[PDB]
Amino acid sequence: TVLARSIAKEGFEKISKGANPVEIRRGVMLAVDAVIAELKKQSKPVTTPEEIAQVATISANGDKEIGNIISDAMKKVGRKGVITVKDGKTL
Amino acid sequence: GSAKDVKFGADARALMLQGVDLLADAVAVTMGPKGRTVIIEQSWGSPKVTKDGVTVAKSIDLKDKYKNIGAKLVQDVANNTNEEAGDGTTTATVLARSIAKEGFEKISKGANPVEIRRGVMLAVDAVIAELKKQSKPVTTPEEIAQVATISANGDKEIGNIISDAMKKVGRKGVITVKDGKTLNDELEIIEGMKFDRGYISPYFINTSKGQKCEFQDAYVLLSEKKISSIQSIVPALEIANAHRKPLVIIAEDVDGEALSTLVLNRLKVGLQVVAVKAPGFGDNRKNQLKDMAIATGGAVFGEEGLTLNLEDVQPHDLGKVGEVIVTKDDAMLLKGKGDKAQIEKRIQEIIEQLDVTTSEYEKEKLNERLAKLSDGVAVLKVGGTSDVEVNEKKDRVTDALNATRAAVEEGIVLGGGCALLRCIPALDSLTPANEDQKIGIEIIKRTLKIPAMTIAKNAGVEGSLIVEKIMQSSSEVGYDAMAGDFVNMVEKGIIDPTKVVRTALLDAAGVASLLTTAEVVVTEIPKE
Amino acid sequence: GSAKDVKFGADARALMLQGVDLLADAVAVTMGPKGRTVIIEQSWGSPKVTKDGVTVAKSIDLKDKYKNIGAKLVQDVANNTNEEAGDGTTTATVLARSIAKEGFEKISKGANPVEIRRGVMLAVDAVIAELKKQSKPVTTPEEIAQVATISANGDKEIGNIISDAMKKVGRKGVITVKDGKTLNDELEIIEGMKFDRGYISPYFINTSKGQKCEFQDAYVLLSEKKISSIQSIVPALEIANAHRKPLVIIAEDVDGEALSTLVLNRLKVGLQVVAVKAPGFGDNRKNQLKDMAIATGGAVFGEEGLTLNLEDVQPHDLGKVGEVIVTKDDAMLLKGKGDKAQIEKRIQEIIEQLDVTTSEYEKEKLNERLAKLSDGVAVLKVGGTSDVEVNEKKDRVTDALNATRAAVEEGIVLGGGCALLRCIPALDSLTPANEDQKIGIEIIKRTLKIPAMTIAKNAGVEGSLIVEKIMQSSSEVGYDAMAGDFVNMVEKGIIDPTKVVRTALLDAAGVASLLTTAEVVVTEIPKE
Amino acid sequence: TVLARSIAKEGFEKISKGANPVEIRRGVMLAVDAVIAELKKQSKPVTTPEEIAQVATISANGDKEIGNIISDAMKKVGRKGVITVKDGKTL
Ligand SMILES: Nc1ncnc2c1ncn2[C@@H]1O[C@H](COP(=O)(O)OP(=O)(O)O)[C@@H](O)[C@H]1O
Ligand SMILES: Nc1ncnc2c1ncn2[C@@H]1O[C@H](COP(=O)(O)OP(=O)(O)O)[C@@H](O)[C@H]1O
Ligand code: BEF
Ligand code: BEF
Ligand SMILES: [K+]
Ligand SMILES: [K+]
Ligand SMILES: [Mg+2]
Ligand SMILES: [Mg+2]
């Protein structure tokens with residue numbers, strides 16, 4: 001959403017009388033294609049079960065118990081197994 | 001009746017022209033390259049984002065009764081052009097406004113607006129007679145790629161896909177567009193026959209693969225009504241087992257008894273059979289099973305007034321196919337040995353049956369029978385990342401696709417507006433019968449400049465200045481509004497179907513020149 | 001009951017006269033050449049664009065109760081004239097207003113409005129008695145073309161089409177207009193009989209064309225009640241196959257059993273048959289099948305108190321037709337060999353059957369049977385590019401077509417208003433019985449100038465100046481408001497039916513001279 | 001006045017976020033200095049008394065009596081004399 005607003009805001013400024021927004025669009029998508037082409041180069045596969053524990057901990061807003069539970073559940077079922085969450089009752 | 005309100009003379013003319021000017025200012029921005037999109041609120045979900053000048057015109061409905069009269073009559077122009085030609089609706093709306101505005105000036109007390117109407121139509125007849133002279137048929141498959149590329153807002157992928165789809169299917173083949181799912185566009189050429197229905201029992205799977213029943217050189221049994229009993233089904237299988245070939249059973253349905261027979265002989269020693277219901281739903285399948293029969297060479301059984309029965313079948317009475325592929329939701333027959341000399345006679349029957357009638361549903365399933373039977377159809381799955389995007393590109397693909405089919409039948413002509421600008425010298429030799437018809441011819445002479453002028457205006461340059469320098473120039477020279485300089489056209493690849501140019505002009509002039517003959521306007525009271 | 005509001009004297013006169021003036025100013029602009037169209041808001045779709053002066057009048061309904069009374073009473077003038085003659089409705093509305101205005105001026109305290117009414121009607125009687133003297137029958141087929149050309153707003157193509165259609169069908173033949181599809185107008189002269197009903201089973205198509213069954217030199221089987229069984233149908237077909245001619249089966253219906261036999265014998269060896277139901281709907285078809293019978297020469301089977309049965313048929317008992325054409329929605333019999341000496345006796349029975357009765361629907365289908373049978377009917381499919389245009393051009397075509405059919409029965413007279421202007425000398429010899437009757441005669445004497453005056457006005461010239469220079473001129477001279485100069489009329493081709501002139505005058509004077517006798521007006525309260 | 005609006009209109013378009021209106025002013029005055037310096041080159045002095053009648057005739061909305069009257073008044077008083085107008089009474 002912040003990326004959407006930023007492209008909207010920066011787009012609703014350059015619209016003068018001589019600008020072609022449709023070509024600006026073509027350039028926007030050329031740039032997006034090239035940048036998602038760079039992410040994949042500097043990407044690296046996740047191999048160790050501690051990288052699973054880190055990915056979980058970060059997107060859970062830094063809750064480290066969540067990271068250990070999700071890493072444990074994914075070790076005992078497989079990284080492409082079926083984990084599913086429910087409304088617990090305990091504390 | 002309803003309490004009404006009347007307005008006379010210049011006051012009413014002004015209000016309607018305000019309605020016209022609004023609806024045309026809204027649509028004029030979407031013209032040519034450097035044209036611009038229009039966001040329309042959809043009442044239920046996310047909005048539309050268009051560039052087509054009918055989605056823009058049909059949406060805009062006005063509060064005031066007099067302005068709405070102007071808007072409605074412009075919707076009628078944009079709509080008549082869309083149905084008749086498929087592109088050129090913005091070209092129509094701007095030509096319409098120009099004829100209304102130029103008309104709501106020459107209306108003095110002594111002017112005869114009806115004779116002016118007659119002169120306007122004298123001018124239009126001469127100009128569409130001049131377009132047809134300077135027109136030329138579309139011949140090379142590079143000209144097809146060009147027309148498609150132009151009407152798609154200069155997207156060359158659209159031009160190549162449509163030219164490719166039209167080379168492998170024929171210039172009058174059947175191309176159809178769908179909401180794609182991937183990110184890129186795809187050309188899928190269905191070759192052969194297929195209907196949206198799978199095998200009944202998941203025991204016919206002999207593939208050891210993705211849930212398929214797969215045969216080669218099979219027989220076909222076509223039944224109109226159900227196969228209820230063991231009695232009716234047994235003779236066909238004796239034939240199939242005797243000749244030692246697989247068998248497909250296409251019927252309205254296979255009852256649990258005949259079904260229990262089929263599954264049994266499949267699971268033990270291993271007779272090769274498989275069953276599917278009919279395409280459907282009612283009266284249609286009766287024709288469509290008949291189509292399949294002559295495509296493979298055989299007879300539909302249980303027919304109403306032939307009543308070919310199942311109990312007396314014979315091996316020649318079964319259809320023959322080279323290979324059969326059946327999944328859980330669809331069956332495909334590929335290489336029917338069906339005496340092509342007779343299926344062509346069939347095709348000719350179905351094509352006249354559509355030229356005769358139209359019901360939007362009989363003609364729908366009608367084209368289904370041609371496509372399913374004829375030379376494989378092309379389908380175009382368009383890409384995109386979000387929904388509103390796909391609907392835009394899909395509006396452009398269809399306008400690109402309609403344009404090419406209107407060029408192959410009626411020739412091409414210069415683009416950028418230069419098609420009409422190159423007709424004014426035709427108007428300069430008209431000899432009007434009186435003063436009023438002279439006014440009309442001058443109305444058209446001015447209006448022919450509007451298309452080129454509105455493209456330069458949208459490009460950000462001076463409109464009339466570009467128009468003047470074109471007319472001074474040669475016959476093949478005109479304005480490329482993207483590159484922003486003058487070019488030869490056909491060498492550069494800017495062309496439009498002559499059909500779209502002439503129908504756009506004709507539907508606009510027709511409607512507009514009648515509005516300008518008005519003197520009174522009667523509207524319902526706006527109670528609340 | 002409902003709370004009401006009363007108004008007396010000059011106040012009510014003024015308000016009603018305000019309502020009359022508005023509705024008549026709206027329509028007066030649509031008079032003669034150089035008249036101008038009027039756009040009416042339709043509550044649902046694109047608006048109308050008319051020039052007919054009743055479509056303009058029946059729409060205008062005013063908010064105020066008193067002005068609306070004026071409007072309604074002018075609407076009733078315009079409508080009485082249309083139904084009686086079919087053209088001249090603008091002519092009536094301006095005459096009605098002129099008698100109303102001149103009447104709400106002479107109403108002082110000592111005047112008697114009802115004797116003024118009596119004087120007006122003495123003047124009107126004298127003038128329509130003068131029209132009939134200066135009337136002359138229309139004889140040459142060129143005067144037909146002129147009457148049409150004039151009342152169609154000067155469209156000469158329309159005049160040639162209606163004159164041609166009336167040469168090939170008879171001056172009292174049956175011409176009827178339809179919404180055409182092409183760009184130009186088409187005259188189609190239907191030959192024989194045709195009814196709006198097609199074949200039952202789509203297996204009788206032997207044309208390999210636009211879904212037609214086409215026979216030559218066929219038999220006809222006319223049945224009043226259904227053909228249910230194989231039993232009743234077989235003997236007729238044995239006749240048809242033996243004589244080796246096709247057979248058509250017009251019955252109330254063909255039940256599925258005899259139908260199954262018909263379809264069977266068609267699809268194998270190939271007996272030539274076809275079936276259609278009766279025209280309909282109830283008691284009518286009983287007469288129309290009998291009409292069909294004697295037109296071809298045969299017998300209707302199952303008749304009530306004759307009950308000709310199907311099982312004992314004979315080849316003379318079947319009708320014979322030279323050519324048979326049946327499509328998916330309509331069948332046409334062309335050249336029935338029916339002993340013309342007897343179909344003529346039938347015509348005489350049906351024409352006496354209409355002179356006796358009138359129900360607006362019994363007389364409707366009555367005329368359907370006459371036209372269908374003898375001289376064939378003409379249809380006039382009108383061109384145009386958009387809908388509103390076709391609807392406009394169609395209002396003008398019908399007004400021309402009503403004019404020609406009202407001229408061939410009651411003669412022609414000068415046009416441009418000169419018809420009435422050449423009657424004023426008749427009023428100058430009336431000797432009124434008292435003062436009030438003199439006022440009425442003077443009212444009409446003034447009113448007779450209104451038509452010529454309102455035409456010149458729309459043309460942009462001085463109305464009354466042209467009217468005077470006409471009266472000073474000879475008897476054949478008057479004003480061509482298109483060319484803008486004085487001409488002989490018949491040599492120039494400006495003429496009008498005497499029927500439209502007198503009925504417009506008579507319906508206007510009739511209603512207007514009664515409005516002017518009013519002293520009180522009672523209206524419902526305008527609650528909300 | 002028409003030249004002013006055209007400069008205002010054309011000026012209130014080029015004002016984006018990165019444009020410098022004050023430097024645009026400097027260029028405007030560079031252009032104006034350059035153009036009034038070209039007028040003075042293609043200018044020519046007025047010598048004949050018919051060109052006086054012509055200038056007067058033009059700026060008076062083409063009233064030729066006015067042009068001749070002002071030429072006569074300026075022949076009889078000097079080209080830098082004093083002419084002055086009053087509310088006349090005659091026709
Ligand atoms: N790249 C271009 N340069 C100049 N003119 C063009 C170009 N592309 C299209 N045009 C012209 O613009 C007009 C608009 O065509 P149309 O399909 O009606 O566009 P729209 O769909 O926006 O109305 C056509 O007459 C066409 O020839
Ligand atoms: N070309 C013409 N020149 C002069 N008068 C004409 C011409 N055409 C029609 N008129 C007159 O105008 C009147 C209007 O004709 P009609 O069709 O009844 O009126 P409307 O215009 O309401 O249809 C008629 O009396 C006719 O004689
Ligand atoms: F808006 Be386009 F010319 F159809
Ligand atoms: F409007 Be017309 F006089 F019928
Ligand atoms: K568009
Ligand atoms: K009229
Ligand atoms: Mg379009
Ligand atoms: Mg009329």
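Residues numbered from 1 in each chain as written, not as in the entry; some residues may be left out. Chains lettered and ligands numbered in written order. Part of a larger assembly, values for the part shown. Heavy atoms only, no water. Residues with missing side-chain atoms left out of burial classes, pairs and counts.

- Regarding how it was determined, this PDB entry cites X-ray crystallography in its header, along with a resolution of 3.7 Å.

## A word on the coordination of the magnesium ion (ligand 7)
Residues and elements named next belong to chain B.
Now for step 1: At 2.8 Å from the magnesium ion (ligand 7) lie its protein donor atoms, namely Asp52 (OD) and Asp399 (OD).
Now for step 2: A separation of 3.2 Å is found between the magnesium ion (ligand 7) and the potassium ion (ligand 5). In this pair, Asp52 sits in the loop between β3 (48-50) and α2 (55-59) while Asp399 sits in helix α13 (residues 387-407), placing the two residues 347 residues apart along the sequence. You'll find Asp52 and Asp399 in the same group, each marked buried. (Donors = N, O, S within 2.8 Å, 3.2 Å for Na, K, Ca; no water. Helix = DSSP H or I, 4+ residues; strand = E, 2+ residues; numbered from the N terminus. Buried < 20%, exposed > 50% of the residue type's maximum accessible area, 1.4 Å probe, protein only.)

## Thoughts on the site of ligand 2
All names here are of chain C.
Now for step 1: Around ligand 2 sit 18 residues, and of these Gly32, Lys51, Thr90, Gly416 and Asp496 come closest.
Now for step 2: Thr30 has a polar backbone atom sitting 3.1 Å from an oxygen atom of ligand 2.
Now for step 3: Between ligand 2 and the protein, one listed contact pairs an oxygen atom with a backbone N or O atom of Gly32 at 3.0 Å.
Now for step 4: For ligand 2, whose accessible area on its own is 560 Å², the fraction buried by protein is 87%.
Now for step 5: Elements with a minimum of two residues in the shell around ligand 2: α4 (89-103) and β15 (477-480). (Near = heavy atom within 4 Å. Polar contact = N/O pair within 3.5 Å; in protein donor to acceptor, adjacent residues only side chain to side chain. Areas by Shrake-Rupley, 256 points an atom, 1.4 Å probe, with all protein chains shown as cover.)

## Thoughts on the site of ligand 1
Residue and element names in this part refer to chain B.
Now for step 1: Neighbouring ligand 1 are 18 residues; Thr30, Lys51, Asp87, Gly416 and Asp496 lie closest to it.
Now for step 2: One of the side-chain N or O atoms of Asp87 is found 2.5 Å from an oxygen atom in ligand 1.
Now for step 3: Here a nitrogen atom of ligand 1 sits 3.3 Å away from a polar atom, N or O, in the main chain of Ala481.
Now for step 4: Within the complex, the protein chains bury 87% of what would otherwise be the 580 Å² of accessible surface of ligand 1.
Now for step 5: Residues that form the shell around ligand 1 fall into these classes: seven nonpolar, seven polar and four charged. (Nonpolar A, V, L, I, M, F, W, Y, C, P; charged D, E, K, R; others polar.)

## Here's the deal with the nonpolar core
Now for step 1: One finds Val124, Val127, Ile444, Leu448, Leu515 and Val521 of chain B together with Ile39 of chain C to be the most contacted residues of the largest nonpolar core, which totals 81 residues.
Now for step 2: By residue number, the principal contributor to this core is helix α19 (residues 498-515) of chain B, which donates 11 residues.
Now for step 3: Setting aside chain neighbours within four positions, we find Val124 of chain B in contact with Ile444, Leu505 and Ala509 of chain B.
Now for step 4: Counting 51 residues, the second-largest nonpolar core is a separate cluster that includes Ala92, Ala96, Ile439 and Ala508 of chain C. (Core = buried A, V, L, I, M, F, W, Y, C linked by side-chain atoms within 4.5 Å. Contact = heavy atoms within 4.5 Å.)

## Quick look at the packing of aromatic side chains
Now for step 1: Going through the model one piece at a time under the given rule, you end up with two aromatic pairs over all chains.
Now for step 2: With a centroid separation of 5.8 Å and 90° between ring planes, the pair formed by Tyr479 of chain B and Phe486 of chain B is classed as edge-to-face.
Now for step 3: Its end group placed over the ring of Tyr66 of chain B, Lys7 of chain B keeps NZ or CZ at 5.9 Å from the ring centre.
Now for step 4: Taking NZ or CZ as reference, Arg285 of chain C lies 5.8 Å from the ring centre of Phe281 of chain C, over its face. (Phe/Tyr/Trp six-rings, centres within 6.5 Å; stacked < 30°, edge-to-face > 60°. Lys NZ or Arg CZ within 6 Å of the ring centre and 35° of its normal.)

## Side note on the arrangement of the chains
Now for step 1: Across the three pairs of chains in contact, the largest number of contacts is found between chains B and C.
Now for step 2: One thing to see here is that chain B and chain D don't touch, and their nearest C-alpha atoms sit 12 Å from each other.
Now for step 3: There is a gap between chain C and chain D: no contact, and a shortest C-alpha distance of 34 Å.

## Remarks on the sheet that holds strand β13 (residues 377-381) of chain C
Residue and element names in this part refer to chain C.
Now for step 1: Taken in spatial order, the three strands line up as β4-β13-β5 in an open sheet, and their pairing is mixed. Sheet topology places β4 (175-178) and β5 (186-190) at the edges, where each strand pairs with a single neighbour. The sheet shows a mean angle of 25° between the axes of neighbouring strands, taken without regard to direction.
Now for step 2: In this sheet, β13 lies alongside β5 in antiparallel orientation, the contact comprising five bridges. Paired with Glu188 across the bridge in β13 is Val379. (Pairing = 2+ DSSP bridges. Axes fitted to C-alpha atoms, helices over the stretch in contact; angles between N-to-C directions.)

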